[PDB]
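Source file work36.cif; content: mmCIF, N, CA, C and O atoms.
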```
data_my_file
#
loop_
_atom_site.label_atom_id
_atom_site.label_comp_id
_atom_site.auth_asym_id
_atom_site.auth_seq_id
_atom_site.Cartn_x
_atom_site.Cartn_y
_atom_site.Cartn_z
N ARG A 761 195.66 -12.27 -269.84
CA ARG A 761 195.81 -12.92 -271.14
C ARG A 761 194.55 -12.74 -271.99
O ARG A 761 194.62 -12.23 -273.11
N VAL A 762 193.41 -13.15 -271.45
CA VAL A 762 192.13 -13.02 -272.15
C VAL A 762 191.70 -11.56 -272.34
O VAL A 762 190.90 -11.26 -273.23
N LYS A 763 192.23 -10.67 -271.50
CA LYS A 763 192.03 -9.23 -271.67
C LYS A 763 192.85 -8.74 -272.86
O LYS A 763 192.29 -8.26 -273.85
N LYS A 764 194.17 -8.89 -272.77
CA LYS A 764 195.09 -8.35 -273.78
C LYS A 764 195.10 -9.10 -275.12
O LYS A 764 195.81 -8.70 -276.04
N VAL A 765 194.34 -10.19 -275.22
CA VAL A 765 194.18 -10.90 -276.50
C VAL A 765 192.92 -10.44 -277.25
O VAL A 765 192.96 -10.28 -278.47
N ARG A 766 191.83 -10.23 -276.52
CA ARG A 766 190.58 -9.77 -277.12
C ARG A 766 190.58 -8.25 -277.29
O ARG A 766 190.00 -7.73 -278.24
N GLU A 767 191.23 -7.55 -276.37
CA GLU A 767 191.37 -6.09 -276.44
C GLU A 767 192.32 -5.67 -277.58
O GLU A 767 192.04 -4.71 -278.30
N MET A 768 193.42 -6.40 -277.73
CA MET A 768 194.38 -6.13 -278.81
C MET A 768 193.82 -6.56 -280.16
O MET A 768 194.14 -5.97 -281.19
N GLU A 769 192.99 -7.61 -280.16
CA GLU A 769 192.27 -8.03 -281.36
C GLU A 769 191.20 -7.00 -281.74
O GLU A 769 190.86 -6.86 -282.92
N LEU A 770 190.67 -6.29 -280.75
CA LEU A 770 189.63 -5.28 -280.97
C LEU A 770 190.19 -4.07 -281.73
O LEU A 770 189.60 -3.64 -282.72
N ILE A 771 191.32 -3.54 -281.25
CA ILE A 771 191.99 -2.41 -281.93
C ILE A 771 192.48 -2.82 -283.32
O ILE A 771 192.52 -1.99 -284.24
N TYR A 772 192.84 -4.09 -283.48
CA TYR A 772 193.21 -4.64 -284.79
C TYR A 772 191.99 -4.74 -285.71
O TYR A 772 192.04 -4.31 -286.87
N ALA A 773 190.91 -5.31 -285.19
CA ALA A 773 189.66 -5.46 -285.95
C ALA A 773 188.98 -4.11 -286.21
O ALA A 773 188.24 -3.97 -287.18
N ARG A 774 189.24 -3.13 -285.34
CA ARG A 774 188.73 -1.77 -285.51
C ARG A 774 189.30 -1.12 -286.76
O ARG A 774 188.56 -0.57 -287.58
N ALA A 775 190.63 -1.18 -286.90
CA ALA A 775 191.32 -0.61 -288.05
C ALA A 775 191.18 -1.46 -289.31
O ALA A 775 191.72 -1.10 -290.36
N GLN A 776 190.47 -2.59 -289.22
CA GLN A 776 190.19 -3.45 -290.37
C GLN A 776 188.72 -3.35 -290.80
O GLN A 776 188.43 -3.35 -291.99
N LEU A 777 187.81 -3.29 -289.83
CA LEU A 777 186.39 -3.08 -290.11
C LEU A 777 186.12 -1.68 -290.69
O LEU A 777 185.15 -1.49 -291.42
N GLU A 778 186.98 -0.72 -290.36
CA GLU A 778 186.92 0.62 -290.94
C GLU A 778 187.70 0.70 -292.25
O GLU A 778 187.40 1.53 -293.11
N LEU A 779 188.71 -0.15 -292.40
CA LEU A 779 189.42 -0.30 -293.68
C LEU A 779 188.49 -0.95 -294.70
O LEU A 779 188.57 -0.67 -295.90
N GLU A 780 187.62 -1.83 -294.21
CA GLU A 780 186.58 -2.46 -295.04
C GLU A 780 185.60 -1.44 -295.61
O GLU A 780 185.14 -1.59 -296.75
N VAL A 781 185.27 -0.40 -294.83
CA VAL A 781 184.30 0.61 -295.27
C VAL A 781 184.90 1.57 -296.30
O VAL A 781 184.18 2.07 -297.16
N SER A 782 186.21 1.82 -296.20
CA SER A 782 186.92 2.67 -297.15
C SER A 782 186.99 2.01 -298.53
O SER A 782 186.98 2.69 -299.55
N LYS A 783 187.07 0.68 -298.55
CA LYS A 783 187.02 -0.09 -299.79
C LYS A 783 185.66 0.08 -300.46
O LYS A 783 185.58 0.39 -301.65
N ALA A 784 184.59 -0.11 -299.69
CA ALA A 784 183.22 0.04 -300.18
C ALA A 784 182.88 1.49 -300.52
O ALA A 784 182.04 1.75 -301.38
N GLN A 785 183.53 2.44 -299.84
CA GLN A 785 183.30 3.86 -300.08
C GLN A 785 183.86 4.29 -301.44
O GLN A 785 183.16 4.93 -302.22
N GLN A 786 185.11 3.93 -301.70
CA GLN A 786 185.76 4.26 -302.97
C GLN A 786 185.14 3.51 -304.15
O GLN A 786 185.09 4.03 -305.27
N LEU A 787 184.67 2.28 -303.91
CA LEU A 787 184.04 1.47 -304.95
C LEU A 787 182.62 1.97 -305.24
O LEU A 787 182.10 1.77 -306.35
N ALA A 788 181.99 2.60 -304.25
CA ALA A 788 180.68 3.23 -304.44
C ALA A 788 180.81 4.52 -305.26
O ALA A 788 179.88 4.89 -305.99
N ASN A 789 181.95 5.20 -305.14
CA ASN A 789 182.20 6.44 -305.87
C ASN A 789 182.44 6.19 -307.36
O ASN A 789 181.82 6.85 -308.20
N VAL A 790 183.33 5.25 -307.67
CA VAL A 790 183.62 4.89 -309.07
C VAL A 790 182.39 4.30 -309.77
O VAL A 790 182.25 4.42 -310.98
N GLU A 791 181.51 3.66 -309.00
CA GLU A 791 180.24 3.14 -309.51
C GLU A 791 179.30 4.29 -309.87
O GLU A 791 178.75 4.33 -310.97
N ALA A 792 179.12 5.22 -308.94
CA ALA A 792 178.25 6.38 -309.13
C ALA A 792 178.83 7.38 -310.13
O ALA A 792 178.09 8.05 -310.85
N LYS A 793 180.16 7.50 -310.14
CA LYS A 793 180.86 8.36 -311.10
C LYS A 793 180.67 7.84 -312.52
O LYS A 793 180.25 8.57 -313.41
N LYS A 794 180.98 6.56 -312.72
CA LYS A 794 180.84 5.91 -314.03
C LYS A 794 179.37 5.80 -314.45
O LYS A 794 179.07 5.73 -315.64
N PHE A 795 178.47 5.79 -313.47
CA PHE A 795 177.03 5.88 -313.73
C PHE A 795 176.65 7.28 -314.21
O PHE A 795 175.86 7.42 -315.14
N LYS A 796 177.22 8.30 -313.57
CA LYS A 796 176.98 9.69 -313.97
C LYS A 796 177.56 10.02 -315.34
O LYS A 796 176.95 10.76 -316.11
N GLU A 797 178.74 9.48 -315.64
CA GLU A 797 179.40 9.71 -316.92
C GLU A 797 178.68 9.06 -318.11
O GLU A 797 178.98 9.38 -319.26
N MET A 798 177.74 8.16 -317.83
CA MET A 798 176.94 7.52 -318.88
C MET A 798 175.52 8.07 -318.96
O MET A 798 175.02 8.32 -320.06
N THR A 799 174.87 8.27 -317.81
CA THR A 799 173.47 8.71 -317.77
C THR A 799 173.24 10.09 -318.41
O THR A 799 172.20 10.32 -319.03
N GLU A 800 174.21 10.99 -318.27
CA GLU A 800 174.12 12.34 -318.85
C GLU A 800 174.69 12.38 -320.27
O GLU A 800 174.19 13.11 -321.12
N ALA A 801 175.74 11.59 -320.51
CA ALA A 801 176.34 11.48 -321.84
C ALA A 801 175.41 10.78 -322.82
O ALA A 801 175.42 11.08 -324.02
N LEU A 802 174.61 9.84 -322.32
CA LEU A 802 173.61 9.14 -323.12
C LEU A 802 172.46 10.09 -323.48
O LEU A 802 172.13 10.25 -324.66
N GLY A 803 171.87 10.71 -322.46
CA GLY A 803 170.76 11.65 -322.66
C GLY A 803 169.80 11.65 -321.48
O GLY A 803 169.20 10.61 -321.19
N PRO A 804 169.64 12.80 -320.80
CA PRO A 804 168.65 12.91 -319.72
C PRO A 804 167.21 12.60 -320.14
O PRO A 804 166.44 12.06 -319.35
N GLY A 805 166.86 12.95 -321.38
CA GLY A 805 165.54 12.67 -321.93
C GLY A 805 165.45 11.34 -322.67
O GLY A 805 164.37 10.76 -322.79
N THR A 806 166.59 10.87 -323.18
CA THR A 806 166.65 9.62 -323.94
C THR A 806 166.35 8.40 -323.08
O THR A 806 165.69 7.46 -323.53
N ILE A 807 166.84 8.40 -321.84
CA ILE A 807 166.52 7.35 -320.86
C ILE A 807 165.02 7.22 -320.58
O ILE A 807 164.54 6.13 -320.25
N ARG A 808 164.29 8.32 -320.72
CA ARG A 808 162.85 8.35 -320.44
C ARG A 808 162.07 7.71 -321.58
O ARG A 808 161.18 6.88 -321.35
N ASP A 809 162.39 8.10 -322.81
CA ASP A 809 161.71 7.60 -324.01
C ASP A 809 162.10 6.16 -324.35
O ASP A 809 161.29 5.42 -324.93
N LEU A 810 163.32 5.77 -324.02
CA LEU A 810 163.83 4.42 -324.31
C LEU A 810 163.12 3.33 -323.50
O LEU A 810 163.05 2.18 -323.94
N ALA A 811 162.59 3.70 -322.33
CA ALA A 811 161.90 2.75 -321.45
C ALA A 811 160.39 2.72 -321.68
O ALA A 811 159.75 1.69 -321.48
N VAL A 812 159.82 3.85 -322.12
CA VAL A 812 158.37 3.98 -322.30
C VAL A 812 157.85 3.41 -323.62
O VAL A 812 156.65 3.52 -323.91
N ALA A 813 158.73 2.82 -324.43
CA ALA A 813 158.33 2.23 -325.71
C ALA A 813 157.43 1.01 -325.51
O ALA A 813 157.90 -0.06 -325.12
N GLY A 814 156.14 1.19 -325.77
CA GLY A 814 155.17 0.09 -325.68
C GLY A 814 154.18 -0.26 -326.78
O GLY A 814 153.57 -1.33 -326.74
N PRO A 815 154.02 0.64 -327.77
CA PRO A 815 153.11 0.39 -328.88
C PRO A 815 152.44 -0.94 -329.20
O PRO A 815 151.45 -1.30 -328.56
N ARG B 761 204.23 -11.15 -281.68
CA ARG B 761 204.19 -11.90 -282.93
C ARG B 761 202.83 -11.72 -283.62
O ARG B 761 202.78 -11.31 -284.78
N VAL B 762 201.75 -12.04 -282.90
CA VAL B 762 200.40 -11.90 -283.45
C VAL B 762 200.01 -10.44 -283.70
O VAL B 762 199.12 -10.16 -284.50
N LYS B 763 200.68 -9.51 -283.01
CA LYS B 763 200.52 -8.08 -283.28
C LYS B 763 201.20 -7.72 -284.60
O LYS B 763 200.54 -7.29 -285.54
N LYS B 764 202.51 -7.94 -284.67
CA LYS B 764 203.31 -7.52 -285.83
C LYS B 764 203.11 -8.38 -287.09
O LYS B 764 203.71 -8.09 -288.12
N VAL B 765 202.30 -9.43 -287.00
CA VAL B 765 201.95 -10.23 -288.19
C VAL B 765 200.62 -9.77 -288.80
O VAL B 765 200.50 -9.71 -290.02
N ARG B 766 199.64 -9.45 -287.96
CA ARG B 766 198.34 -8.97 -288.43
C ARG B 766 198.38 -7.47 -288.73
O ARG B 766 197.71 -7.00 -289.64
N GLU B 767 199.18 -6.73 -287.96
CA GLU B 767 199.37 -5.29 -288.18
C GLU B 767 200.17 -5.02 -289.45
O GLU B 767 199.84 -4.10 -290.21
N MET B 768 201.22 -5.81 -289.69
CA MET B 768 202.04 -5.67 -290.90
C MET B 768 201.29 -6.19 -292.13
O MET B 768 201.49 -5.69 -293.23
N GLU B 769 200.42 -7.18 -291.93
CA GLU B 769 199.53 -7.66 -292.98
C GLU B 769 198.46 -6.61 -293.31
O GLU B 769 197.98 -6.55 -294.44
N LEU B 770 198.10 -5.79 -292.32
CA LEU B 770 197.08 -4.75 -292.50
C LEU B 770 197.59 -3.64 -293.42
O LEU B 770 196.90 -3.25 -294.36
N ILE B 771 198.79 -3.13 -293.14
CA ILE B 771 199.41 -2.10 -293.99
C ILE B 771 199.70 -2.63 -295.40
O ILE B 771 199.65 -1.88 -296.37
N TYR B 772 199.98 -3.93 -295.49
CA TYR B 772 200.15 -4.60 -296.79
C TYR B 772 198.82 -4.71 -297.53
O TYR B 772 198.74 -4.38 -298.71
N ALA B 773 197.79 -5.18 -296.83
CA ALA B 773 196.45 -5.32 -297.40
C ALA B 773 195.80 -3.97 -297.69
O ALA B 773 194.94 -3.86 -298.56
N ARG B 774 196.21 -2.94 -296.95
CA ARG B 774 195.73 -1.57 -297.16
C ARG B 774 196.17 -1.05 -298.53
O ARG B 774 195.35 -0.53 -299.29
N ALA B 775 197.46 -1.19 -298.83
CA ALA B 775 198.01 -0.75 -300.10
C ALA B 775 197.68 -1.69 -301.26
O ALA B 775 198.09 -1.44 -302.39
N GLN B 776 196.94 -2.76 -300.98
CA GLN B 776 196.47 -3.70 -302.01
C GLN B 776 194.97 -3.56 -302.25
O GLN B 776 194.52 -3.63 -303.40
N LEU B 777 194.20 -3.37 -301.18
CA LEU B 777 192.76 -3.11 -301.30
C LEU B 777 192.48 -1.75 -301.95
O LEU B 777 191.43 -1.56 -302.57
N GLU B 778 193.41 -0.81 -301.82
CA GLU B 778 193.33 0.48 -302.50
C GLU B 778 193.93 0.42 -303.90
O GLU B 778 193.56 1.19 -304.78
N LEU B 779 194.88 -0.50 -304.11
CA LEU B 779 195.41 -0.78 -305.45
C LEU B 779 194.33 -1.46 -306.28
O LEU B 779 194.26 -1.28 -307.50
N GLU B 780 193.49 -2.25 -305.62
CA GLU B 780 192.33 -2.89 -306.24
C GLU B 780 191.32 -1.87 -306.77
O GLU B 780 190.72 -2.08 -307.82
N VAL B 781 191.14 -0.76 -306.05
CA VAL B 781 190.16 0.26 -306.44
C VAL B 781 190.66 1.11 -307.61
O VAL B 781 189.86 1.58 -308.42
N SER B 782 191.98 1.29 -307.70
CA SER B 782 192.59 2.03 -308.81
C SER B 782 192.46 1.26 -310.13
O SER B 782 192.34 1.86 -311.19
N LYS B 783 192.47 -0.07 -310.04
CA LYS B 783 192.23 -0.93 -311.20
C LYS B 783 190.80 -0.74 -311.70
O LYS B 783 190.58 -0.52 -312.89
N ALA B 784 189.84 -0.82 -310.78
CA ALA B 784 188.43 -0.63 -311.11
C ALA B 784 188.10 0.80 -311.52
O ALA B 784 187.16 1.03 -312.29
N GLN B 785 188.87 1.76 -311.01
CA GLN B 785 188.68 3.18 -311.34
C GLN B 785 189.07 3.46 -312.79
O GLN B 785 188.30 4.08 -313.54
N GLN B 786 190.26 3.02 -313.18
CA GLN B 786 190.75 3.21 -314.55
C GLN B 786 189.95 2.41 -315.57
O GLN B 786 189.77 2.85 -316.71
N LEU B 787 189.47 1.23 -315.17
CA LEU B 787 188.67 0.37 -316.05
C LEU B 787 187.24 0.92 -316.20
O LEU B 787 186.58 0.67 -317.20
N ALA B 788 186.77 1.66 -315.19
CA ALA B 788 185.48 2.34 -315.27
C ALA B 788 185.55 3.55 -316.20
O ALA B 788 184.56 3.91 -316.83
N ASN B 789 186.73 4.18 -316.28
CA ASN B 789 186.93 5.34 -317.14
C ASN B 789 186.96 4.97 -318.62
O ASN B 789 186.27 5.59 -319.43
N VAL B 790 187.76 3.96 -318.97
CA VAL B 790 187.85 3.48 -320.35
C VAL B 790 186.51 2.89 -320.84
O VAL B 790 186.22 2.93 -322.03
N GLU B 791 185.72 2.37 -319.91
CA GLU B 791 184.38 1.88 -320.21
C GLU B 791 183.44 3.04 -320.54
O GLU B 791 182.75 3.02 -321.57
N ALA B 792 183.43 4.05 -319.67
CA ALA B 792 182.58 5.23 -319.86
C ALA B 792 183.07 6.13 -321.00
O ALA B 792 182.27 6.77 -321.68
N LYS B 793 184.39 6.17 -321.19
CA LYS B 793 184.99 6.91 -322.30
C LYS B 793 184.59 6.29 -323.64
O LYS B 793 184.09 6.98 -324.52
N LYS B 794 184.83 4.99 -323.77
CA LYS B 794 184.49 4.25 -324.99
C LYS B 794 182.97 4.18 -325.20
O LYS B 794 182.51 4.03 -326.33
N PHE B 795 182.21 4.29 -324.12
CA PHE B 795 180.75 4.43 -324.19
C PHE B 795 180.37 5.81 -324.74
O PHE B 795 179.47 5.92 -325.57
N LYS B 796 181.06 6.85 -324.27
CA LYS B 796 180.83 8.22 -324.75
C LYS B 796 181.24 8.41 -326.21
O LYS B 796 180.56 9.12 -326.96
N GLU B 797 182.34 7.78 -326.61
CA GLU B 797 182.84 7.88 -327.98
C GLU B 797 181.94 7.18 -329.01
O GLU B 797 182.10 7.39 -330.21
N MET B 798 181.00 6.35 -328.54
CA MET B 798 180.05 5.67 -329.41
C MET B 798 178.65 6.29 -329.36
O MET B 798 178.03 6.48 -330.40
N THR B 799 178.17 6.61 -328.16
CA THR B 799 176.81 7.13 -327.98
C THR B 799 176.55 8.46 -328.70
O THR B 799 175.45 8.69 -329.19
N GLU B 800 177.57 9.32 -328.75
CA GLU B 800 177.46 10.61 -329.43
C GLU B 800 177.84 10.51 -330.91
O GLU B 800 177.27 11.21 -331.75
N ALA B 801 178.81 9.65 -331.21
CA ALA B 801 179.23 9.41 -332.60
C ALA B 801 178.15 8.68 -333.39
O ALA B 801 178.01 8.89 -334.60
N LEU B 802 177.38 7.83 -332.71
CA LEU B 802 176.26 7.13 -333.32
C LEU B 802 175.11 8.10 -333.61
O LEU B 802 174.63 8.18 -334.74
N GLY B 803 174.69 8.83 -332.58
CA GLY B 803 173.61 9.81 -332.71
C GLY B 803 172.80 9.95 -331.42
O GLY B 803 172.21 8.97 -330.97
N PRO B 804 172.78 11.15 -330.83
CA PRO B 804 171.96 11.40 -329.64
C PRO B 804 170.46 11.14 -329.85
O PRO B 804 169.78 10.70 -328.92
N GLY B 805 169.96 11.41 -331.05
CA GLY B 805 168.57 11.15 -331.41
C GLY B 805 168.33 9.78 -332.02
O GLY B 805 167.22 9.24 -331.94
N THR B 806 169.37 9.21 -332.62
CA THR B 806 169.28 7.90 -333.28
C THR B 806 169.04 6.76 -332.28
O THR B 806 168.29 5.83 -332.57
N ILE B 807 169.69 6.84 -331.12
CA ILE B 807 169.46 5.88 -330.03
C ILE B 807 168.01 5.86 -329.55
O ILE B 807 167.53 4.83 -329.06
N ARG B 808 167.31 6.98 -329.69
CA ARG B 808 165.93 7.11 -329.23
C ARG B 808 164.97 6.42 -330.20
O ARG B 808 164.09 5.66 -329.79
N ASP B 809 165.15 6.69 -331.49
CA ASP B 809 164.29 6.14 -332.54
C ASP B 809 164.57 4.66 -332.81
O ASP B 809 163.67 3.92 -333.21
N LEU B 810 165.82 4.23 -332.60
CA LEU B 810 166.22 2.84 -332.84
C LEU B 810 165.58 1.86 -331.86
O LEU B 810 165.41 0.68 -332.18
N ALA B 811 165.23 2.34 -330.67
CA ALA B 811 164.62 1.50 -329.63
C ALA B 811 163.09 1.53 -329.66
O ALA B 811 162.44 0.56 -329.29
N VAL B 812 162.52 2.65 -330.12
CA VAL B 812 161.06 2.84 -330.12
C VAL B 812 160.34 2.20 -331.31
O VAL B 812 159.13 2.35 -331.45
N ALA B 813 161.09 1.50 -332.17
CA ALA B 813 160.50 0.84 -333.34
C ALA B 813 159.59 -0.32 -332.92
O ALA B 813 160.06 -1.38 -332.51
N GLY B 814 158.28 -0.09 -333.03
CA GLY B 814 157.28 -1.12 -332.72
C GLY B 814 156.15 -1.51 -333.65
O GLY B 814 155.50 -2.54 -333.44
N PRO B 815 155.89 -0.69 -334.68
CA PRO B 815 154.84 -0.98 -335.65
C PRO B 815 154.07 -2.29 -335.76
O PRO B 815 153.17 -2.55 -334.97
#
```
Is it possible to give me this structure as structure tokens?
Amino acid sequence: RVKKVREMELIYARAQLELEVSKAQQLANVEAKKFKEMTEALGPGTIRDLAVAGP
Amino acid sequence: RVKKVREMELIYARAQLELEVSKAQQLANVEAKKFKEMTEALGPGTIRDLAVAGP
């Protein structure tokens, strides 16, 4: 009983702890994608000058 | 019972946790699109001078 309850929970938790990583994987892509679509569209050099303004 | 309830919930939650990412994916596009339609329409050089104003 204690074997087939923790062992069967393990294979269940295995396909869920890895399902958890696929969520974070796809959400990391759309974050980096939408980051890329702004950083280059804004300006590779503009980001540099916009931060260094100190006069 | 505990197999076919958590396993069937897994395939259900799988097609929902990935449905969640498609929402964030399309919303990231319209954000970056509408960002692109303003940043270039405003001025690639204008964004640089508008921030560096310090006199």
Give me, as JSON lines, each residue of chain B that comes within 7 Å of chain A, together with its shortest interatomic pair and the distance in Å at one decimal, counting only N, CA, C and O atoms, with rows ordered by chain and rising residue number.
```
{"residue": "B:766", "atom": "O", "partner": "A:772", "partner_atom": "O", "distance": 6.9}
{"residue": "B:770", "atom": "CA", "partner": "A:775", "partner_atom": "O", "distance": 6.8}
{"residue": "B:777", "atom": "O", "partner": "A:783", "partner_atom": "CA", "distance": 5.4}
{"residue": "B:778", "atom": "N", "partner": "A:783", "partner_atom": "CA", "distance": 6.7}
{"residue": "B:781", "atom": "O", "partner": "A:786", "partner_atom": "O", "distance": 6.2}
{"residue": "B:784", "atom": "O", "partner": "A:790", "partner_atom": "O", "distance": 6.1}
{"residue": "B:785", "atom": "CA", "partner": "A:790", "partner_atom": "CA", "distance": 5.8}
{"residue": "B:788", "atom": "O", "partner": "A:794", "partner_atom": "CA", "distance": 5.1}
{"residue": "B:789", "atom": "N", "partner": "A:794", "partner_atom": "CA", "distance": 6.5}
{"residue": "B:792", "atom": "O", "partner": "A:797", "partner_atom": "O", "distance": 4.8}
{"residue": "B:793", "atom": "N", "partner": "A:797", "partner_atom": "O", "distance": 6.6}
{"residue": "B:795", "atom": "C", "partner": "A:797", "partner_atom": "O", "distance": 6.7}
{"residue": "B:796", "atom": "CA", "partner": "A:797", "partner_atom": "O", "distance": 5.9}
{"residue": "B:799", "atom": "C", "partner": "A:801", "partner_atom": "O", "distance": 5.5}
{"residue": "B:800", "atom": "N", "partner": "A:801", "partner_atom": "O", "distance": 5.5}
{"residue": "B:803", "atom": "O", "partner": "A:802", "partner_atom": "O", "distance": 6.4}
{"residue": "B:804", "atom": "O", "partner": "A:802", "partner_atom": "O", "distance": 4.9}
{"residue": "B:805", "atom": "N", "partner": "A:802", "partner_atom": "O", "distance": 6.8}
{"residue": "B:807", "atom": "O", "partner": "A:810", "partner_atom": "CA", "distance": 6.0}
{"residue": "B:808", "atom": "O", "partner": "A:809", "partner_atom": "O", "distance": 5.6}
{"residue": "B:811", "atom": "O", "partner": "A:810", "partner_atom": "O", "distance": 5.6}
{"residue": "B:812", "atom": "CA", "partner": "A:813", "partner_atom": "CA", "distance": 5.2}
{"residue": "B:814", "atom": "O", "partner": "A:815", "partner_atom": "C", "distance": 5.5}
{"residue": "B:815", "atom": "O", "partner": "A:815", "partner_atom": "C", "distance": 6.0}
```
Store the residues of this selection in a file with N, CA, C and O atoms, as a JSON list (two decimals), in the frame of the given file.
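Output saved as part_30.json:
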```
[["chain", "number", "residue", "atom", "x", "y", "z"],
["B", 766, "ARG", "N", 199.64, -9.45, -287.96],
["B", 766, "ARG", "CA", 198.34, -8.97, -288.43],
["B", 766, "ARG", "C", 198.38, -7.47, -288.73],
["B", 766, "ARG", "O", 197.71, -7.00, -289.64],
["B", 770, "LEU", "N", 198.10, -5.79, -292.32],
["B", 770, "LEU", "CA", 197.08, -4.75, -292.50],
["B", 770, "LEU", "C", 197.59, -3.64, -293.42],
["B", 770, "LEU", "O", 196.90, -3.25, -294.36],
["B", 777, "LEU", "N", 194.20, -3.37, -301.18],
["B", 777, "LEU", "CA", 192.76, -3.11, -301.30],
["B", 777, "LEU", "C", 192.48, -1.75, -301.95],
["B", 777, "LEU", "O", 191.43, -1.56, -302.57],
["B", 778, "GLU", "N", 193.41, -0.81, -301.82],
["B", 778, "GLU", "CA", 193.33, 0.48, -302.50],
["B", 778, "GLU", "C", 193.93, 0.42, -303.90],
["B", 778, "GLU", "O", 193.56, 1.19, -304.78],
["B", 781, "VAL", "N", 191.14, -0.76, -306.05],
["B", 781, "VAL", "CA", 190.16, 0.26, -306.44],
["B", 781, "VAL", "C", 190.66, 1.11, -307.61],
["B", 781, "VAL", "O", 189.86, 1.58, -308.42],
["B", 784, "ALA", "N", 189.84, -0.82, -310.78],
["B", 784, "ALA", "CA", 188.43, -0.63, -311.11],
["B", 784, "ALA", "C", 188.10, 0.80, -311.52],
["B", 784, "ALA", "O", 187.16, 1.03, -312.29],
["B", 785, "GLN", "N", 188.87, 1.76, -311.01],
["B", 785, "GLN", "CA", 188.68, 3.18, -311.34],
["B", 785, "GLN", "C", 189.07, 3.46, -312.79],
["B", 785, "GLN", "O", 188.30, 4.08, -313.54],
["B", 788, "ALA", "N", 186.77, 1.66, -315.19],
["B", 788, "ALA", "CA", 185.48, 2.34, -315.27],
["B", 788, "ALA", "C", 185.55, 3.55, -316.20],
["B", 788, "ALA", "O", 184.56, 3.91, -316.83],
["B", 789, "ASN", "N", 186.73, 4.18, -316.28],
["B", 789, "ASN", "CA", 186.93, 5.34, -317.14],
["B", 789, "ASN", "C", 186.96, 4.97, -318.62],
["B", 789, "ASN", "O", 186.27, 5.59, -319.43],
["B", 792, "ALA", "N", 183.43, 4.05, -319.67],
["B", 792, "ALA", "CA", 182.58, 5.23, -319.86],
["B", 792, "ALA", "C", 183.07, 6.13, -321.00],
["B", 792, "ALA", "O", 182.27, 6.77, -321.68],
["B", 793, "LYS", "N", 184.39, 6.17, -321.19],
["B", 793, "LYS", "CA", 184.99, 6.91, -322.30],
["B", 793, "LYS", "C", 184.59, 6.29, -323.64],
["B", 793, "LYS", "O", 184.09, 6.98, -324.52],
["B", 795, "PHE", "N", 182.21, 4.29, -324.12],
["B", 795, "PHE", "CA", 180.75, 4.43, -324.19],
["B", 795, "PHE", "C", 180.37, 5.81, -324.74],
["B", 795, "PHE", "O", 179.47, 5.92, -325.57],
["B", 796, "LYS", "N", 181.06, 6.85, -324.27],
["B", 796, "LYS", "CA", 180.83, 8.22, -324.75],
["B", 796, "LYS", "C", 181.24, 8.41, -326.21],
["B", 796, "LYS", "O", 180.56, 9.12, -326.96],
["B", 799, "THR", "N", 178.17, 6.61, -328.16],
["B", 799, "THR", "CA", 176.81, 7.13, -327.98],
["B", 799, "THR", "C", 176.55, 8.46, -328.70],
["B", 799, "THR", "O", 175.45, 8.69, -329.19],
["B", 800, "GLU", "N", 177.57, 9.32, -328.75],
["B", 800, "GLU", "CA", 177.46, 10.61, -329.43],
["B", 800, "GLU", "C", 177.84, 10.51, -330.91],
["B", 800, "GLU", "O", 177.27, 11.21, -331.75],
["B", 803, "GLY", "N", 174.69, 8.83, -332.58],
["B", 803, "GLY", "CA", 173.61, 9.81, -332.71],
["B", 803, "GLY", "C", 172.80, 9.95, -331.42],
["B", 803, "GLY", "O", 172.21, 8.97, -330.97],
["B", 804, "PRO", "N", 172.78, 11.15, -330.83],
["B", 804, "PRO", "CA", 171.96, 11.40, -329.64],
["B", 804, "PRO", "C", 170.46, 11.14, -329.85],
["B", 804, "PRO", "O", 169.78, 10.70, -328.92],
["B", 805, "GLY", "N", 169.96, 11.41, -331.05],
["B", 805, "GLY", "CA", 168.57, 11.15, -331.41],
["B", 805, "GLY", "C", 168.33, 9.78, -332.02],
["B", 805, "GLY", "O", 167.22, 9.24, -331.94],
["B", 807, "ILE", "N", 169.69, 6.84, -331.12],
["B", 807, "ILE", "CA", 169.46, 5.88, -330.03],
["B", 807, "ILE", "C", 168.01, 5.86, -329.55],
["B", 807, "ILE", "O", 167.53, 4.83, -329.06],
["B", 808, "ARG", "N", 167.31, 6.98, -329.69],
["B", 808, "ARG", "CA", 165.93, 7.11, -329.23],
["B", 808, "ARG", "C", 164.97, 6.42, -330.20],
["B", 808, "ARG", "O", 164.09, 5.66, -329.79],
["B", 811, "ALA", "N", 165.23, 2.34, -330.67],
["B", 811, "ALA", "CA", 164.62, 1.50, -329.63],
["B", 811, "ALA", "C", 163.09, 1.53, -329.66],
["B", 811, "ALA", "O", 162.44, 0.56, -329.29],
["B", 812, "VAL", "N", 162.52, 2.65, -330.12],
["B", 812, "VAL", "CA", 161.06, 2.84, -330.12],
["B", 812, "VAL", "C", 160.34, 2.20, -331.31],
["B", 812, "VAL", "O", 159.13, 2.35, -331.45],
["B", 814, "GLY", "N", 158.28, -0.09, -333.03],
["B", 814, "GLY", "CA", 157.28, -1.12, -332.72],
["B", 814, "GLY", "C", 156.15, -1.51, -333.65],
["B", 814, "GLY", "O", 155.50, -2.54, -333.44],
["B", 815, "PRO", "N", 155.89, -0.69, -334.68],
["B", 815, "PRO", "CA", 154.84, -0.98, -335.65],
["B", 815, "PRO", "C", 154.07, -2.29, -335.76],
["B", 815, "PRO", "O", 153.17, -2.55, -334.97]]
```
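Between atom CA of residue B:761 and atom O of residue A:763 there is a distance of 15.4 Å.
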Return as lines of an AutoDock Vina configuration file the box centre and box size in Å, one decimal, for an axis-aligned box around all listed atoms of stretch 804-812 of chain A padded by 3 Å per side.
```
center_x = 163.1
center_y = 7.3
center_z = -322.1
size_x = 19.0
size_y = 17.3
size_z = 11.6
```
**Request:** To one decimal in Å, tell me the separation between atom N of residue A:771 and atom CA of residue B:771.
**Result:**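 Pair atom N of residue A:771 / atom CA of residue B:771 returns 15.2 Å.
Here atom CA of residue B:774 stands at a distance of 26.3 Å from atom O of residue A:762.
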